[PDB]
Structures are given as structure tokens and as C-alpha cells.
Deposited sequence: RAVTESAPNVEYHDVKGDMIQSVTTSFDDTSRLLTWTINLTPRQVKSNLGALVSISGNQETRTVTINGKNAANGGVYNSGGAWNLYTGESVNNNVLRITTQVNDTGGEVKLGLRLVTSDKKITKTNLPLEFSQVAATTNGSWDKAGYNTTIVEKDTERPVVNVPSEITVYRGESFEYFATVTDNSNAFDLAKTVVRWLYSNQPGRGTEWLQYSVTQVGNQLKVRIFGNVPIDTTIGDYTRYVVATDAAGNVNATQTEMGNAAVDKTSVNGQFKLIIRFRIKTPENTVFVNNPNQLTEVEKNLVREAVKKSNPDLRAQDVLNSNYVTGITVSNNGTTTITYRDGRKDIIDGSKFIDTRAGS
């Protein structure tokens, strides 16, 4: 991008009679800065001289006067043609640090060739030296540092969602520049910029809050989706185009089974629903085998969406286990477990 503005005027000698306006143009890719100075000397004459000083974070690349390269004669002299509505353009390479950049000028016109020795630094000395128009001014502006640092995503290691339920999580994006490319900030699986096979219901949105992005990760999980886990990525881009994780890094991480910044495991779990009818037993803390089986059957009945394929080895008897004290362990097809206390649905028939 190119940014154009009018710099801060540090001083402009009120006896000066040349400078009308000064503008800057900065290319954020080349980091070249052009100072454009428009001149209307009262005495145009034949020769323009420009004594130029720049801050140490700049290095001069080009100086033109009236559209032609200036002859190169802390302060350096450049000379060229003198016309009305003359344009002096000083292009510098800004260093990677950027920051405050400064320009100082002492300008003259003359009918004679101009030399640095015979160049007046005050209005009162003009008549005996260059004997034409004169001006003196200083400017500054501020240039961003070159941003070579990637943005950082903060997202949980695991985002756990439940079949039949909605979810909402946030990832946060921070960058050293405090500026982003929202269009190139996404949540995706590895292969393409999409939510991914099996998780097509994964949604996201990107908002900027202050100096950070907030990436809302949300959706509605179907009752009929596969239980297990999926690797997904928050990929964020700063305003300079640096990304937290590149496509090639995502691919290496997928093969090596390592992590990149912004990676998360999306885990789809089952949400166990409690029996609506109390399971009556003799001693809720010392169940018989028949009572353990009543507990398993009640859990199956209240969870008709828990299919055999959803539990370990597609077997309800080994996938739903019930301890002596009525604790139910459900082990799913992915090896994940729920350990569920029976206190809220198992009761004694004594006193019922």
C-alpha cells in the first residue's frame, strides 16, 4: 500500500519565499519515502539549489528537480533547473526500524551556478551570495517499523462440543503491529479453506476488539455425527501479510503429529441424559449384578441416540459398565470416557 499525507512543519522561515506545500508518499513494500516539495520562488532565475538533510534512519535514493535527476553537488547540495511551480522530490530508503523521519531544507535560486561554499543560511546573506529567492524549513513524519513478526493465536488446546448441543468458544489474535488482515483470518481443516469433512457444521466469525481479533468458533452439532476428534486450525494474518502458521507448516505438523500455533483438537462427545424414571434397587452403594444391568438398561433407554457404533467395540455390555457403588462408566468408540455418578437416578426401594 501507498500512504500519502502532509508532514508536520517544524519550522518555515517567515522571510522565505519559495516553499508552498510539502507532501509525503510512503510505499509500505519497498519502504521508500518520497518528500515532494512544491516551489514558487518570487525570483525564478536559472539555477535551483537545495541543501538537504535527512534523519539517520533514511538513506537517499533519488533527488529530482523539475522532473530531472538533480546534480549531486549532515547537509548535501542538489542542483537543477529553476521554474515556477517547480517540484523537488527526495526519495529515501527508510530503514527497518522506521520511526520519526526528518527532512531539513535550505533552498535558493540564482542566476549563477550554485556552490555549497556560497550558499546563504540566513536571509540577510542572500544578496551577497546567490542573490535570488531563498527558503528554509524542516519537516517530520512517522513511519511504521517493518513488521517481520507473525501474529499469535490464543486458542484452547481442545475445543469440546456435544452432539445435539450448540457451542461457542473464542480464539484471540494478537500482533506486534496491532493491525490485521481480517480477510485472511479463518478457521479451517488442513486441506482446504473449509470447516472440514465430518465437521461441516463448524462456524466462525472474526471481529476486531481494540488491538486484537476475536475469532468466535461456534455452531450446532448434529445428533448424527461421529464421536471422536479432529485437528483444526485458526490461521491469522497481520496487516503486513505474516501468518501464524503457513500451509506448509500445517502439513508438516499433520504428518509429524506436532503442533503449530493456532492448532486445536475439536472433540465431539456424547451428552448423557439421565433416566426420567428412578432405577430402584436395594442398596444404591452395593448393587447386585441384576441391578447393574437395570442401570445399564435405563441409561440406554434414556439415550436412544447412543448407538452401538458410538461405544467401544460396538458393545453396550462392555461399553457401559456399572460398578458396585452405582458408578456408570461409558467408554466411547474413540476410547474417551464418561464416569457418571448414580446418585441422582438410582434410589433404594426401602421407604419408597
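Gaps in the coordinates relative to the deposited sequence fall at 1, 75-81.
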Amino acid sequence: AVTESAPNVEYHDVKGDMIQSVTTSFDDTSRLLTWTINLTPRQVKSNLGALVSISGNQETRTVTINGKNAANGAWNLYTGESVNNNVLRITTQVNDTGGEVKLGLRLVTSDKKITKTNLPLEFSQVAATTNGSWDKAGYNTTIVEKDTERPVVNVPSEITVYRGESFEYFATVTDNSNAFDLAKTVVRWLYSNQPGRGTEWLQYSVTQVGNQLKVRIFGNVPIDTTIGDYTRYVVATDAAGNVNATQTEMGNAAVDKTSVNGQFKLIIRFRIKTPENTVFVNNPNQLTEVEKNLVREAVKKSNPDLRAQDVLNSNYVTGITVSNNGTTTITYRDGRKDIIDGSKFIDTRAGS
From here on, numbers count along this sequence of modelled residues.
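When the C-alpha B-factors of 281-289 and 58-66 are averaged, 58-66 comes out higher. Higher mean CA temperature factor, per the PDB entry, when comparing 185-193 with 162-170: 162-170. Which of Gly49, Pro41, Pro304, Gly319 has the largest Cα B-factor in the deposited entry comes down to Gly319. Highest C-alpha temperature factor among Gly104, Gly262, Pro120, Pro151, as the PDB entry reports it: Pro120. Annotation for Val215: C-alpha temperature factor in the lowest third relative to the rest of the modelled chain, per the entry. Annotation for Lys146: C-alpha temperature factor in the highest third relative to the rest of the modelled chain, per the entry. Per-chain ranking of the deposited C-alpha B factor places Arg296 in the lowest third. The deposited CA B-factor of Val9 belongs to the middle third of values across its chain. Annotation for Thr79: CA B-factor lies in the middle third of the chain's modelled residues.
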